[PDB]
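Notes for the one structure printed next.
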Amino acid sequence: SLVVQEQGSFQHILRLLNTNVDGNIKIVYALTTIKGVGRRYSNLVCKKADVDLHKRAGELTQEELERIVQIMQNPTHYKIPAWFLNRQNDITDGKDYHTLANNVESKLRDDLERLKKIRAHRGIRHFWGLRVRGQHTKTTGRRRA
Amino acid sequence: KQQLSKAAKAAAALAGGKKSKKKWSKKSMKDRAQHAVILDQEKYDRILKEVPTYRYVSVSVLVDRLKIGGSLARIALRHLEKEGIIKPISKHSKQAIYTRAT
Amino acid sequence: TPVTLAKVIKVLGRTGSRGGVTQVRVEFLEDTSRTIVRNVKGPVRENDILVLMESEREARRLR
Amino acid sequence: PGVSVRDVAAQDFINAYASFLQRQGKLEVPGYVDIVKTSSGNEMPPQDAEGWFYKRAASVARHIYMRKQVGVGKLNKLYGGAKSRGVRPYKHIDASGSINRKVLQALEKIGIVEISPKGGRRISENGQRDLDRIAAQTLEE
Amino acid sequence: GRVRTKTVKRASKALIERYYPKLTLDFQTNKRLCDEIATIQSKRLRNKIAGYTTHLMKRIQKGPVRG
Amino acid sequence: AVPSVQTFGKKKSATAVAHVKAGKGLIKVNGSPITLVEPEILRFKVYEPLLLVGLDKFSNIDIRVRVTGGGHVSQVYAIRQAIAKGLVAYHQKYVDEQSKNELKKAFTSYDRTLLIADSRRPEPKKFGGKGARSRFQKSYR
Amino acid sequence: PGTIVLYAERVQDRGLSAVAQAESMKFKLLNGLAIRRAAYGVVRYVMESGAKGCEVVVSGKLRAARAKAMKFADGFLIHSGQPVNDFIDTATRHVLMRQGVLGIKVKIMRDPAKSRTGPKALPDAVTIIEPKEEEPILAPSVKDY
Amino acid sequence: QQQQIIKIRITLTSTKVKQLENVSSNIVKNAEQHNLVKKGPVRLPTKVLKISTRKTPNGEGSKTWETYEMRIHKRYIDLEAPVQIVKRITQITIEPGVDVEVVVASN
Amino acid sequence: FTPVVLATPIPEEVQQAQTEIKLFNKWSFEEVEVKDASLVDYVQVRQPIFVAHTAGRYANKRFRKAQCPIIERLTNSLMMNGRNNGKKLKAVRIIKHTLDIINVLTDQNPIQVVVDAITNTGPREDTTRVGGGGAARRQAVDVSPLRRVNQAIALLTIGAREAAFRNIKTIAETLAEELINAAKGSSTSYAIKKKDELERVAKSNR
RNA sequence: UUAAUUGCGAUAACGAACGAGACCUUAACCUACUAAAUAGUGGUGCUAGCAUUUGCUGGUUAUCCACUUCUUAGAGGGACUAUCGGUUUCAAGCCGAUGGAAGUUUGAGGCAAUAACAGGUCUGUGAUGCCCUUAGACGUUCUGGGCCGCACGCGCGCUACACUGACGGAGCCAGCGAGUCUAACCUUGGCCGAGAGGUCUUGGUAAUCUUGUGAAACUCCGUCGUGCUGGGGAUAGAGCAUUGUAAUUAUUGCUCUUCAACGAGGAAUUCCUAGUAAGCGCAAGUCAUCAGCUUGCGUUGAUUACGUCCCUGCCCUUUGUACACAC
RNA sequence: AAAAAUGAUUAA
Ligand SMILES: [K+]
Ligand SMILES: [K+]
Ligand SMILES: [Mg+2]
Ligand SMILES: [Mg+2]
Ligand SMILES: [Mg+2]
Ligand SMILES: [Mg+2]
Ligand SMILES: [Mg+2]
Ligand SMILES: [Mg+2]
Ligand SMILES: [Mg+2]
């Protein structure tokens with residue numbers, strides 16, 4: 001049972017990966033605000049960063065926050081088994097990658113534009129705005145799509 | 001029965017599509033409530049001062065009477081039990097019951 | 001507060017539109033010669049005690 | 001006088017023996033700890049990253065003591081649980097076979113269990129001795 | 001409701017007008033008599049017949065019965 | 001041999017069989033002492049024979065219980081019914097019956113289920129609904 | 001050749017077999033015999049054979065296109081309970097005619113008092129043993145050999 | 001062949017309860033009239049085989065269901081008899097709807 | 001008093017309960033004395049129970065449930081709001097905690113507090129709907145003792161559940177607060193204000 | 001009076017029949033008979049492993065023996081509202097209590113009358129009349145597509161809106177099933193893999209093996225902290241596998257990522273009286289693969305009411321009718 | 001003593 005006494009050096013809301021990560025939330029669930037990182041990826045990155053898991057995202061010093069940024073930037077170079085990522089073996093270069101905050105919807109645009117420019121059925125269904133994963137459309141999913 | 005004309009069926013379908021979502025409820029929301037999960041010096045002094053004379057001690061009453069989150073309530077409550085200024089009555093997860101010492 | 005404690009001595013019958021009310025005869029605890037017929041919502045045995053907010057009304061919906 | 005692991009609280013026995021293995025430090029952690037989520041039914045890793053393997057090792061060793069022989073699939077059906085399938089109902093999903101297998105394979109490495117020439121994994125004499133030592137200390141905690 | 005049917009009523013009435021001296025006021029031996037003085041396909045209907053017979057015998061003891 | 005008897009206790013589908021014989025006053029259930037029965041929110045139900053009759057006369061007798069079937073609670077009820085039945089059957093067979101009937105008086109004075117199993121039975125389900133009585137939601141128009 | 005055998009044995013109480021009666025009546029309808037005569041004849045044969053009750057139902061189209069169903073019955077004929085499976089025997093047969101298909105349903109109550117298998121009487125059929133009424137002697141009149 | 005032991009086992013499987021019990025009783029009887037020590041007829045739990053199906057041939061009307069059942073009644077008897085008499089018991093006392101299966105156990 | 005040695009150790013705390021039954025091994029039912037009349041022989045505080053869990057048959061008769069212990073009667077009505085059907089272990093645990101919170105906020109027997117809350121929360125007069133016309137009316141009627149204690153348990157549990165829904169406070173604590181408020185009469189409790197509203201309506205339809 | 005055209009009885013009706021009942025199955029009770037390494041328990045009788053003034057386990061029908069309490073199935077017994085207290089045209093009966101396993105016909109079913117519907121089925125039928133078609137076939141097969149298509153409306157449901165919770169670790173518990181030799185079915189166990197899975201053997205034609213289906217809800221101990229939040233998991237992106245010749249219009253499973261409505265729901269409306277409602281899962285049916293469905297099974301287990309004819313209907317009698325295609 | 005209108009043609 002640790003009851004820590006600290007001065008006014010608590011770090012309030014902070015910026016990573018062009019995304020607002022706010023303090024007072026545990027570091028794992030604070031990082032999840034960034035697009036492209038979920039609870040599992042946030043937990044794994046936090047644990048590979050050699051930091052405590054009860055630091056409220058406001059006790060993290062700068063240096064251990066650039067360590068966690070670099071771990072997010074290069075997931076493979078920190079002993080991740082590469083089946084854990086978001087984009088494995090892509091069309092362009094076939095290298096296992098993980099997209100981040102501003103790049104997830106960008107790569108989504110690139111893939112959707114590719115499927116449209118190739119006129120594949122999934123791409124044309126996306127262009128029309130229908131369901132692409134094979135759901136029935138007779139009754140369900142009406143008020144918006 | 002009476003079949004509707006194609007124009008009437010189209011009008012009904014277009015009306016249904018244009019229809020807004022009629023939420024059948026009164027939606028009342030309370031205001032933002034914040035609790036200082038980080039324990040600074042002034043809040044710690046308030047803890048060490050007014051937690052004694054509390055007839056009832058628990059995570060919920062620590063949250064209500066002091067703007068601290070449940071996590072800080074639990075860890076500080078166990079800290080006070082370590083210091084022994086509160087004695088237990090029923091020990092159980094998800095529900096703590098504590099009163100004054102001696 | 002003048003709340004009246006009365007002991008039932010007879011259940012007259014089951015009254016009401018849906019049969020949800022009981023016709024009972026109750027005598028008073030303080031004086032057992034003050035019988036009166038009342039309407040009771042819930043289930044009743046004999047020898048049960050009721051509380052009467054007003055102790056002067058006769059129950060309608062007879063026979 | 002005589003005491004075995006049947007008269008003690010199972011949960012406190014598991015925790016105390018897990019800490020005893022934690023102090024010995026010979027359980028040869030698999031390496032894929034800090035990654036795995038211990039079951040397909042789960043959706044999160046264990047919240048105790050540094051002791052969940054030790055807790056599983058103690059619980060498995062106790063369970064092997066309880067029964068005659070228990071296999072990896074039987075541990076899988078045991079340690080598995082319900083799985084949330086979104087808009088679908090729940091169903092039972094077995095635990096991680098690799099983790100259950102590795103815990104069992106660690107048990108003979110720390111020497112408690114043997115081949116069990118009839119069946120699966122069964123408790124040895126030295127492992128029995130170590131368990132009733134931790135039983136004695138846990139009873140006189 | 002435990003209203004006995006006419007098969008039980010008529011079997012009991014004939015048994016009373018046929019073996020009245022042998023019949024005894026308690027149920028158990030009326031049961032153990034009906035197996036020899038009658039042939040009932042089922043134990044259940046035999047017990048029902050014996051129970052109505054012993055109830056009528058209780059009635060017969062304190063005065064006569066019409067029919 | 002040694003003076004001994006055996007009984008059983010039954011909830012809905014749980015059964016507990018008790019071997020009751022003279023000794024030094026040793027109580028176990030499923031090879032575990034009865035004080036470890038889980039849950040601890042219902043450990044009182046298996047304590048109740050020990051607290052009603054008075055364990056002073058338990059010094060001579062020892063009981064070993066094996067319980068299977070049903071759920072956890074059904075096992076709790078079958079265990080406590082079996083221990084009560086075994087105690088009063090050991091009294092009937094090997095003790096004077098003044099003590100047998102006074103035990104029966106105290107047992108019936110607290111619960112009838114200590115000696116007589118609940119006659120409530122599961123009701124088989126009928127087509128057209130999820131349960132025996134409940135029906136699927138009827139639809140008009 | 002020499003181990004598989006087939007033995008054919010004569011049917012006794014041939015009026016009691018609903019299958020035989022149904023086949024014979026169907027052959028009567030094929031031969032052109034009147035429907036009322038065929039049903040009353042088969043009923044008479046069944047009852048004279050010793051069966052407790054008989055039942056012949058002819059459903060189809062008899063005089064006009066519109067359908068109907070005659071019924072011919074005799075004797076005692078229960079409908080519910082285990083004695084249906086114990087004393088009732090039924091047969092159903094289709095009858096091709098120019099106009100269509102006629103269904104012939106035969107139901108037979110065989111007498112429980114006959115046969116040596118199963119119940120020899122209906123359930124609840126209580127029968128009493130005769131008292132064999134005797135005279136009471138007044139005096140004791142002890143006897144010796 | 002020289003009047004020795006076989007450790008024979010006989011299984012009776014049938015739906016007809018009475019047609020099963022009669023043969024099993026006769027085998028039991030022939031044991032004592034040939035002073036034969038044995039294990040008595042162990043009766044398996046009566047297997048029931050169910051089929052639940054809609055009564056309607058089409059798909060109209062109230063969704064009424066009907067269930068039909070087999071009952072398989074089984075008895076295994078372990079016999080220890082000489083060679084000249086295991087045939088004496090197996091060729092006789094055979095009933096319709098009842099079959100007999102014989103295995104020379106070695107366990 | 002005077003514990004005896006046993007071959008299998010029995011804990012000292014449970015050893016003291018041999019003298020008489022002790023609810024949760026923490027309180028005895030002696031000197032409860034439901035003081036407001038007309039609710040006697042309907043609130044069950046005479047037979048002692050070790051715990052609020054006993055699977056007894058209390059539904060096959062009209063008035064059989066009145067012989068079920070009042071604590072278990074309160075417990076069996078906390079097994080709601082649909083998602084909580086079953087889980088009597090959970091309901092019993094909540095009841096144990098709420099009685100502990102009573103015994104720490106007030107130097108009073110929690111059973112005494114519960115029966116006082118029921119006596120103070122059972123409505124004495126209600127209405128019934130009569131008249132098939134469009135303007136249907138209500139007629140005030142008296143309330144039987146059994147319905148009074150049933151409606152009291154219902155209103156206490158319902159108010160505790162609603163106060164527990166979507167707030168930091170545990171159900172055991174908000175039930176204890178409701179029970180403490182009702183056992184004295186403070187009109188800040190759901191069951192008191194609901195009962196007072198209902199009685200006022202019967203007064204207006206008298 | 002009964003659930004009953006069930007009876008008491010009255011009687012221009014008498015004696016009869018079907019239905020109801022009776023009957024059969026099934027859940028309960030049997031220290032009573034028969035027994036059982038395909039169900040068991042006990043003797044530790046044989047060796048022992050552990051702790052130590054004695055308990056827990058391993059090998060026990062060739063490493064033995066005894067007994068059916070638990071288990072099963074054969075024949076039975078048991079309840080007949082028994083006894084008692086009340087009440088009655090004192091009759092049929094009904095209400096309480098006492099025993100008993102069981103006292104709403106003990107519970108639940110199976111079967112279930114006469115008469116009818118223009119009810120449904122010609123797409124279950126080598127059941128079928130008539131009409132039509134019959135070689136470029138409305139026959140039968142092969143390839144592909146469709147049956148799933150979406151501005152919309154409706155009916156069954158599943159998951160939810162959370163702290164009586166979610167997540168993590170642990171405790172740890174059913175009953176009904178089913179399952180290969182005319183060939184790959186149910187799968188122990190070992191090894192590899194995060195997982196889904198892959199590979200090598202084993203057992204089971206089955207109370208023997210999967211399987212003690214170690215299911216889930218549940219309980220304890222910790223993380224969260226009233227924030228559409230770590231509640232919810234829709235939509236969508238990328239990859240890894242299994243079935244199948246064939247997976248795109250995504251069979252399904254698995255991993256990571258996206259993380260939408262949804263704050264308890266207007267009018268309205270459904271089901272239910274005790275092991276019932278509800279919660280929770282499991283098995284089976286369809287199945288090569290596919291459950292959010294059904295048929296069963298057990299698990300945890302309420303509240304409220306033992307009533308009335310108010311609504312919606314049913315039965316009997318009397319009555320009115322201009323209805324009989326029958327308000 | 002609240003309100004309650006209607007129901008196409010032919011087909012024993
Ligand atoms: K259910
Ligand atoms: K085709
Ligand atoms: Mg589990
Ligand atoms: Mg019938
Ligand atoms: Mg379709
Ligand atoms: Mg979220
Ligand atoms: Mg379906
Ligand atoms: Mg009209
Ligand atoms: Mg008209």
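Residue numbers start from 1 in every chain, and the chains themselves are labelled A, B, ... in the order their sequence lines are given, proteins ahead of strands. For the numbers below, each heavy atom of this structure counts, side chains included, while hydrogens, waters and symmetry mates do not.
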Base, backbone or nothing for each nucleotide of nucleotides 267-272 of chain J, written B, S, -, heavy atoms under 4.0 angstrom, 5' to 3'? ---SSS
Under a 3.5 Å rule for both distances, is J/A178 the Watson-Crick or G-U wobble partner of J/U294? no
Using a 4.0 Å heavy-atom cut-off, does D/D48 contact any base of the nucleic acid, only the sugar-phosphate backbone, or nothing at all? nothing
Indicate, with a heavy-atom threshold strictly under 4.0 Å, whether H/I51 touches base, sugar-phosphate, or nothing. nothing
Flag as yes if B/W24 stacks onto the base of J/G266 (centroids under 5.5 Å, planes under 30°), otherwise no. yes
Give one of base, sugar-phosphate or nothing for A/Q135, where a contact means two heavy atoms less than 4.0 Å apart. sugar-phosphate
Just checking: do J/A82 and J/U98 form a pair, Watson-Crick or wobble, with both of the defining distances under 3.5 Å? yes
Using a cut-off of 3.5 Å for both contacts, decide if J/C23 and J/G110 are a Watson-Crick or G-U pair. yes
Verify stacking: J/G40 then J/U41, 5.5 Å distance, 30° angle limits: yes
N/O donor-acceptor pair, side chain D/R62 with base J/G171, under 3.5 angstrom: no
Ignoring hydrogens and angles, are the base of J/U81 and the side chain of E/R2 linked by a donor-acceptor pair under 3.5 Å? yes
With the thresholds 5.5 Å for ring-centre distance and 30 degrees for plane angle, say whether the bases of J/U208 and J/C209 stack. no
Nucleotide of J/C50, J/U226, J/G21 approaching I/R166 most closely (side-chain heavy atoms): J/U226
Quick check on RNA chain J: between H/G61 and E/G1, whose nearest nucleotide comes earlier from the 5' end? E/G1
Applying a 4.0 Å non-hydrogen cut-off, can you work out what E/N30 is touching in the nucleic acid: base, sugar-phosphate, or nothing? nothing
Quiz item: B/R74 side-chain donor-acceptor pair to J/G225 base, under 3.5 Å: yes
